[PDB]
RNA sequence: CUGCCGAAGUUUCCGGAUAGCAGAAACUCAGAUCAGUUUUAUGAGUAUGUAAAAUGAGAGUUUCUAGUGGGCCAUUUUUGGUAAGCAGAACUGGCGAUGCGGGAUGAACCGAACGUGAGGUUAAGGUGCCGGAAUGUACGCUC
RNA sequence: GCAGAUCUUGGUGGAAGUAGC
RNA sequence: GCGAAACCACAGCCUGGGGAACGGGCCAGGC
């Protein structure tokens with residue numbers, strides 16, 4: 023449906039293949055896509071299954087960061103040999119965690135890629151950041167530490183916004199104009 | 102009545118752009134193992150009678166007229182009755198002494214000239 | 174000069190007779206409609222009468238400043254706003270010749286404006302303003318009777334974010 | 005949980021030509037299909053799949069396999085109508101339905117209306 | 401603020417192509433906000449344009465427009481087929497477009 | 001340079017004379033015949049040939065005159081095989097003179113056989129992304 | 001009426017300012 | 001400082017598959 027000039031996507035609980043396919047199609051549509059929390063990406067299958075899949079890949083440059091793992095999946099779904107697919111890649115920014123510039127921006131999700139809406143209950147799935155922890159990535163511990171720090175600050179902002187929202191909500195019914203002409207569904 | 106051209110690009114000889122010794126003028130490819138003769142995908146087109154243009158609009162210039170080569174005033178007078186179908190075209194070897202008299206004669210006859218301003222200047 | 178000098182192939186007798194245009198059901202006189210194209214795009218105006226093909230339309234002069242103008246019926250969105258009383262204003266004077274562009278004429282002799290370019294200028298006659306001053310006189314009480322009509326026609330229609338023209342009703 | 009597939013639960017149809025209507029489960033054909041009915045005349049007794057419906061929180065006392073006439077009488081007796089409407093779910097849906105019909109003039113009157121309500125800002129005044 | 405925007409935003413996706421053959425005469429246009437072929441029927445026949453800019457200015461204006469018209473829907477997802485007066489360049493894939501509300505039948 | 005016709009790639013006797021295939025001319029015919037046709041029935045042994053209903057096409061010549069006078073693959077039939085494979089013949093078409101959509105790609109596979117174009121609709125194959133097209137519906141199976 | 005004939009004659013290149021003297 | 005000649009369709013990263021070699025051109029991947 024409606025689009026935006028730049029899109030920030032929260033990759034928590036999103037399947038790797040499903041999200042990458044939607045992102046790759048959006049990149050070829052000229053949109054600018056920024057994917058945050060790339061280390062919480064989920065892949066269907068046992069963590070043993072993906073460990074050997076990555077270990078087989080280890081046996082070019084074998085990138086270990088979860089963000090570069092996601093970029094590899096997106097890269098394969100683009101015509102990177104041509105200029106059109108080259109420009110699409112430069113319009114994508116995959117990062118782990120939520121950096122400050124995208125910290126205070128709305129983060130949308132893709133229901134077609136969400137694990138809960140796409141994976142059978144009880145199925146074993148592995149987290150990309152957790153999977154990448156035993157392949158060479160050594161920043162998982164600190165990335166989590168900033169994440170809780172960001173969550174505390176984000177929660178404090180939400181309480182301030184919620185407390186402020188209570189003021190307009192209380193004053194919403196105070197004005198008689200709301201009740202007088204609420205026949206329009208508003 | 103509008104002139105429709107089935108094609109505007111010329112038919113170049115195959116491999117004419119790789120060699121200077123091979124001219125651009127169209128030559129039918131006689132090679133049996135040639136991809137151009139067998140008309141594969143990506144191979145160039147060849148002159149076929151299907152490309153032939155409408156008989157009514159054949160030989161017609163984009164302005165709707167047919168060129169008529171003129172070497173003197175006597176040639177241009179022939180177009181007295183056919184001035185809405187033909188345009189006078191003075192030959193390249195006709196001197197400027199005769200080009201001016203052809204253009205003045207073609208003006209009274211109501212005949213378009215395709216190259217009326219050649220080898221002359223004006224003096225208002 | 175008169176006997177045909179050429180073959181002069183006469184056109185074959187065509188069988189395309191001119192029948193009146195069928196306007197839309199919702200393009201009735203007195204409908205508040207949005208102009209889609211032109212210099213007054215987005216302006217809401219009131220339909221006075223339907224011409225042979227176009228709509229003789231006008232926005233009230235003091236409301237949105239849209240003079241009595243022709244608009245093509247394909248370039249108009251007819252909103253479902255309440256109708257305006259237009260039976261009280263005569264519209265017989267609005268013909269094809271009334272809106273027709275004044276003939277480009279003037280026997281300008283050689284030089285002066287022909288060469289020196291001391292050209293004249295155009296100006297709308299008071300006759301057009303006189304007829305215009307009458308229509309808002311017979312229309313302003315009608316739009317004032319119902320609420321928000323004066324403010325409605327003053328505003329200009331626009332599309333906001335998340336507005337789907339196919340879904341939302343006009 | 006709060007919602008279970010049981011006889012007498014009021015469900016809301018969300019797919020097909022009966023989208024937005026209300027119905028009550030009468031029989032449990034299978035874990036994928038169920039038989040429903042409604043007191044409304046335009047809604048016939050039919051078998052529908054659970055993918056085309058969402059279960060509301062309203063549960064009403066029905067014997068298994070009740071006919072449409074008995075269901076309609078029980079529906080009126082248990083006052084199911086205007087009880088679902090009392091929920092904020094129906095009010096949100098009804099507001100959405102009324103909003104969809106709104107034309108341009110009503111939208112213009114709304115903008116002026118919400119413009120007046122906005123300037124109140126009587127917080128900390 | 402609030403601009404004018406008497407049009408609908410749209411994107412140029414690709415040409416009418418098979419796997420290996422392209423037809424630049426027809427372009428596939430995604431009118432964003434339209435999600436099915438039935439919804440696409442509203443926008444059939446509307447005037448679509450590609451507004452771009454060139455560094456050289458003509459008549460004191462640096463904006464150039466290629467006009468087109470939506471012909472028919474394409475697929476089940478509301479994408480439409482548009483034919484322009486000049487075939488759209490291949491480099492305008494993913495570029496924005498403007499779909500007017502005229503000609504109108506509402 | 002363009003356009004229109006257009007094979008054969010092999011019977012048979014034996015480098016050949018034939019023939020076949022493809023054209024030219026002159027003849028007589030549409031109330032005459034013909035067919036990689038299907039029948040009916042007679043017989044004969046589910047098939048078989050013959051004779052006489054449907055369907056389609058106007059048919060039969062005579063004369064002389066270019067080229068071919070390799071095969072590959074595939075289908076079916078096949079006889080023995082025999083580490084197992086396979087080999088051997090025969091049967092029949094396609095390619096060999098032929099581009100096009102699909103098949104990742106590919107000459108044998110699936111569709112389709114070609115003047116230059118606009119529009120429409122499909123075949124085979126497809127609709128997550130590369131890629132045009134449902135991250136369609138309804139059941140299940142699979143970790 | 002030419003693109004071919006390890007074609008004929010003439011001109012001219014890269015190898016190369018190289019091998020080298 | 002003086003100064004050739006052989007040779008010269010064009011080119012010049014791999015990995016596979018591509019049945020006829022196919023890798024140097026083709027198809028999917030890396031560079």
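Protein chains in written order, with my numbering: chain A, 23 to 208; chain B, 102 to 225; chain C, 174 to 343; chain D, 5 to 129; chain E, 401 to 506.
Idealized CB from N, CA, C, for every residue including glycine.
- Item | Outcome for residue 434/E when other beta-carbon atoms lying within 10 angstroms are tallied against a minimum of 16 | Counted from its first residue, the fifth chain places residue 434/E at position 34. Buried.
Please compile the residues from chain E whose C-beta is within a distance smaller than 8 Å of the C-beta of residue 23/A. Here residue 23/A corresponds to residue number 1 of the first chain, with the count starting at 1. Per Cβ cutoff of 8 Å: 432, 433, 435.
>> Cβ closer than 8 Å: which chain E residues qualify as neighbours of residue 249/C?
In response: Counted from its first residue, the third chain places residue 249/C at position 76. Here the neighbours are 504.
Helix, strand or coil, according to DSSP, for residue 240/C in the structure here? Here residue 240/C refers to the residue found at position 67 when the third chain is read from its first residue. Correct three-state label for residue 240/C: coil.
Going along chain A, which residues have a C-beta under 9 Å from residue 126/D? Translated into positions along the fourth chain, residue 126/D becomes position 122. Under the 9 Å cutoff, chain A gives 193, 196, 197.
Check: Span of the beta strand (DSSP E) holding residue 336/C?
Finding: As a first step, residue 336/C must be located in the third chain, where it is residue number 163. First-last for residue 336/C: undefined, no H or E at that position.
List the residues of chain A whose Cβ lies closer than 8 Å to the Cβ of residue 118/D, in chain order. What you label residue 118/D is simply residue 114 of the fourth chain in a count that begins at 1. Going along chain A in sequence order, the residues near residue 118/D (Cβ under 8 Å) are 208.
Exercise for the section: Taking residue 23/A and residue 432/E to be in contact with their CB atoms under 8 Å, please state how far apart those CB atoms are, rounded to whole angstroms. Expected result: As a position in the first chain, residue 23/A is number 1, starting the count at 1. As a position in the fifth chain, residue 432/E is number 32, starting the count at 1. Yes, residue 23/A and residue 432/E are in contact; Cβ-Cβ is about 6 Å, under 8 Å.
Report yes if the C-beta of residue 32/D is less than 7 Å from at least one heavy atom of the ligand FMN; otherwise report no.
-> Annotation note on the ligand FMN: not contained in the displayed structure, which lists no ligands.
### Query
Closest Cβ-Cβ distance between residue 52/A and chain E: below 8 Å?
The count along the first chain starts at 1 and reaches residue 52/A at position 30. Chain E contact via Cβ: present.
Practice item. My understanding is that residue 158/B touches residue 190/B, with C-beta atoms under 8 Å, so please give their C-beta distance in whole angstroms. Key: For the purposes of this step, residue 158/B is taken as residue 57 along the second chain, with counting starting at 1. For the purposes of this step, residue 190/B is taken as residue 89 along the second chain, with counting starting at 1. With a Cβ gap of about 18 Å, residue 158/B and residue 190/B do not count as contacting.
query = residue 64/A lies in the beta strand (DSSP E); which residues open and close that run?
reply = The count along the first chain starts at 1 and reaches residue 64/A at position 42. First-last of the beta strand (DSSP E) with residue 64/A: 64 to 66.
ask   = Once you ignore the five residues that flank residue 50/A on each side, which residues in its own chain have a CB closer than 6 Å to its CB?
value = On the first chain, position 28 is the one that residue 50/A refers to. For residue 50/A, where only same-chain residues beyond five positions count, the Cβ hits under 6 Å are 110.
Cutoff 8 Å; reference residue 197/C; Cβ partners in own chain excluding five residues on either side: Sequence index remark: in the third chain, residue 197/C carries index 24 (1-based). Same-chain partners within the cutoff: 246, 251.
Discussion item. Check this for me: beta carbons of residue 473/E and residue 446/E, under 8 Å apart or not?
Written reply: Within the fifth chain, residue 473/E is the residue found at index 73, counting from 1. Within the fifth chain, residue 446/E is the residue found at index 46, counting from 1. Their beta carbons are not under 8 Å apart, which means residue 473/E does not touch residue 446/E by this criterion.
Chain-ordered neighbours of residue 152/A on chain E, where CB pairs are closer than 7 Å: The sequence position of residue 152/A within the first chain is 130, counting from 1. Correct list: empty, because the minimum Cβ distance to chain E is about 35 Å.
Item to complete: For residue 342/C, go through chain D and note every residue whose CB falls closer than 9 Å to its CB, in chain order.
Response: Position 169 of the third chain holds residue 342/C. Under the 9 Å cutoff, chain D gives 104, 105, 106, 107, 108.
Which of helix, strand or coil DSSP assigns to residue 196/B: In the second chain, counting from the first residue as 1, residue 196/B sits at position 95. Looking at residue 196/B - three-state DSSP - the assignment turns out to be coil, as it is neither helix nor strand.
- Message: Below 8 Å, how does it come out for the region 225 to 237 of chain C and the region 200 to 217 of chain C: are there three or more Cβ pairs, yes or no?
- Response: yes
query: Over what stretch of residues does the alpha helix (DSSP H) that includes residue 500/E continue unbroken?
result: Here residue 500/E refers to the residue found at position 100 of the fifth chain. Careful: residue 500/E lies outside any alpha helix (DSSP H), inside the beta strand (DSSP E) at 496 to 500.
- Under the three-state reduction of DSSP, which class applies to residue 190/B: helix, strand or coil? Walking along the second chain from the start, residue 190/B turns up at place 89. The answer is strand: DSSP assigns residue 190/B an E or B state.
Exercise for the section: To the nearest angstrom, report how far apart residue 421/E and residue 141/B are at their CA atoms. Expected result: As a first step, residue 421/E is located in the fifth chain; it is residue number 21 there, counting from the start. As a first step, residue 141/B is located in the second chain; it is residue number 40 there, counting from the start. Their backbone Cα atoms lie some 14 Å apart in a straight line.
Should residue 106/A be flagged as near chain E, meaning a C-beta pair shorter than 8 Å?
-> Here residue 106/A refers to the residue found at position 84 when the first chain is read from its first residue. Closer than 8 Å: yes.
- Query: Where DSSP assigns a beta bridge to residue 206/C, which residues make up the other side?
  - Reply: In the third chain, residue 206/C corresponds to position 33, counting from 1. Answer is 218/C, 251/C.
Task: Buried or exposed (CB count within 10 angstroms, at least 16 for buried), residue 4/A - done: Here chain A has residues from 23 to 208 only, and residue 4/A is not among them.
> Would you say residue 121/D reaches chain A, if we count a Cβ-Cβ gap shorter than 8 Å as a contact?
Replying inline: The residue labelled residue 121/D in the question sits at position 117 within the fourth chain. Yes, residue 121/D lies at the interface with chain A (some Cβ there is under 8 Å from its Cβ).
As assigned by DSSP and simplified to three states, the class of residue 147/C:
Examination of residue 147/C is not possible in this model, given that chain C is present from 174 through 343 alone.
Taking 8 Å as the threshold (beta carbon to beta carbon), is residue 210/C in contact with chain E?
Looking up residue 210/C in the third chain gives position 37. Output row for residue 210/C: interface = yes.
- Among 24/D, 129/D, 28/D, which one has its Cα closest to the Cα of residue 74/D? Working through the fourth chain from its first residue, we reach residue 74/D at position 70. Residue 74/D has its Cα closest to that of 28/D, out of 24/D, 129/D, 28/D.
Cβ-based contacts, 8 Å cut-off: residues of the region 214 to 230 of chain C near chain E = 214, 215
- Query: Buried or exposed: residue 68/A, going by 16 or more other Cβ atoms within 10 Å of its Cβ?
  - Reply: Here residue 68/A refers to the residue found at position 46 when the first chain is read from its first residue. Classification for residue 68/A: exposed.
Once DSSP output is grouped into helix, strand and coil, what is the label at residue 437/E?
Position 37 of the fifth chain, counted from the start, is the residue given in the question as residue 437/E. It is helical.
Take the Cβ of residue 109/B as the centre, count every other Cβ of all protein chains shown within 10 Å, and call the residue buried at 16 or more, exposed below.
Looking up residue 109/B in the second chain gives position 8. Looking at its Cβ environment, which holds fewer than 16 other Cβ atoms inside 10 Å, residue 109/B is exposed.
Can you find at least 3 beta carbon pairs, one from the region 448 to 466 of chain E and one from the region 59 to 76 of chain A, that sit closer than 8 Å?
no
For this session: Determine the burial state of residue 159/A: buried for a count of at least 16 other Cβ atoms within 10 Å of its Cβ, exposed for fewer.
Result: Indexing the first chain from 1 puts residue 159/A at position 137. Looking at its Cβ environment, which holds 16 or more other Cβ atoms inside 10 Å, residue 159/A is buried.
Open item on the list: So, for residue 132/A: in the same chain, excluding its five sequence neighbours on each side, which residues have a beta-carbon less than 7 Å away from its beta-carbon?
Closed with: Within the first chain, numbered from 1, the residue matching residue 132/A stands at position 110. Hits under 7 Å: 31, 36, 41, 44.
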